[PDB]
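Here's a solo chain for you in structure tokens, the form deposited in one PDB entry.
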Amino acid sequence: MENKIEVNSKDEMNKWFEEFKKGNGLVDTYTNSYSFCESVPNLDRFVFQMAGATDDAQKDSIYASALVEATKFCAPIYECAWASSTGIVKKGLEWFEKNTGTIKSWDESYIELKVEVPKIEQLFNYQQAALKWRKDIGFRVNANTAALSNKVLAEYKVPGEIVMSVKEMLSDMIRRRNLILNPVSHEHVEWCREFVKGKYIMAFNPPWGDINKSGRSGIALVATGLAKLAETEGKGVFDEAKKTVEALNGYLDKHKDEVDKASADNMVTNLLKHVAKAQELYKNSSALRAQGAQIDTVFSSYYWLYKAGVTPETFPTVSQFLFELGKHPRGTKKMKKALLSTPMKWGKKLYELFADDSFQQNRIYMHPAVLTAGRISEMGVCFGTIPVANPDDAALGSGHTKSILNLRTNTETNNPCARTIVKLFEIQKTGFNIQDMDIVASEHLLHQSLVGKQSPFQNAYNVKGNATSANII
């Protein structure tokens, strides 16, 4: 039993899919990408069950059944098949073997990241690595498999009967964002803008005084100035500032008989401290930390396969494992015990990646390359909606969280995506305290819909704006 999705290219992929679509009667009435979804899932009954349930286990079971029901038949077949294809499995795993050096900042610190908040550089490196991986393996074959780079949706149209529920979700999301989150002279910023054009002689008499002068609180006005400039003009300024300083150093060297060597070397040295410091302020911002912690679902999923020692030849068993899990929902404890008992060597290796019991801070801070029991669903949407050993079993339906993002958002179908997110939230809320969870899956799902994701296989790192500012109408 090998991987039956023998596809090594887009053309190869299209033909495999046409057969399959015809064979299985896939529709796109309620989904962006063709799927098994013949009708919007009705999760109503799970609210009443939840409300009549007393113990924690009954409640987890009710919620887990709702989530599977929500997702069972709406997997985006084309993209899931592409993500699990023989070609992408080989390239996607091999990439880690060929690029080990570029991801070492987080990969070689995996053990620490199971415990501690990541450094911002570990977050940035992971995001850049995810885009590189996508580019290098040719992951993009359509808009559903692209890296997004437009802006968040200004408006989000939902049916009138869930407007207040969506607005309540956003209030809690903004409450969370604000908990997470909780003066530069305009003339100094303008000096920096002129300096970085290559006008290095300006460094001999800045308007604030000495070139090293710190404002409040003990930080060099040059650093805060450039950092403040970068927010409006972009990262290029740092590059341009370094070039300008190198230009100065050439000048002081050419005209060395007209200059005091020691103060000329100190000024060059000191400007470089200030340019480096300007990035440490720029980079170390909570807005960049929050964007930088967003998981790239497919990238992180392939990283976990790599770390677990999965091969193209054993991959179909990972796929099968995940497929069974979304077909018949069961407890987290039972999923975890199955990894510890499986004869497959990858079982225990995947298990050792879990950070559930080791991570010492609010989970929102966890590095996006760190596995948890709840992140098994990321792998499940990539490799588990279709069992690659017998793909037609996808018709039985295997439900993984992010298949929800394949549900349409348009008004012709009245946004079954949003209806379903809301109903999951209401169900979670009936049975448990929202505010006590570090992570509310349905809120993560809304956020992602609000940034404009219409597939689980999109990367939204370069989407600009604040999703949570959307006007719900």
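We number the residues from 1 along the sequence you see. Shifts are known only where both forms have a C-alpha. Heads up, when I say rigid core I mean the largest set of C-alphas that superpose within 1.5 Å between the two forms.
The same protein also has a form deposited in another entry, omitted here; what follows describes it.
query = Rigid core as reference, CA moved 2 Å or more between this form and the one not shown - which of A394, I376, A129, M267?
reply = Single residue meeting the criterion: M267.
request  = Using a rigid core alignment, state whether the CA of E108 is displaced by 2 Å or more between this form and the one not shown.
outcome  = The answer is no, as the C-alpha of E108 shifts between this form and the one not shown by less than 2 Å after core alignment.
inquiry  = Rigid core aligned, does the Cα position of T232 differ by 2 Å or more between this form and the one not shown?
reply    = Yes, because once the rigid core is superposed, the C-alpha of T232 moves 2 Å or more between this form and the one not shown.
ask   = Can a Cα shift of no less than 2 Å be assigned to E258 between this form and the one not shown, given superposition on the rigid core?
value = The answer is yes, as the C-alpha of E258 shifts between this form and the one not shown by 2 Å or more after core alignment.
Outcome for the Cα pair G101, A276 in the other entry, compared with this form (closer or farther; change of 3 Å or more) = Relative to this form, farther apart in the other entry.
request  = Kindly indicate if, in the other entry, the C-alpha atoms of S449 and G234 are closer or farther apart than in the structure shown, bearing in mind the change is 3 Å or more.
outcome  = Closer, not farther.
inquiry  = After superposing on the rigid core, which segments of 3 or more consecutive residues have every C-alpha shifted by 2 Å or more between this form and the one not shown?
reply    = Moving stretch: 183 to 288 alone.
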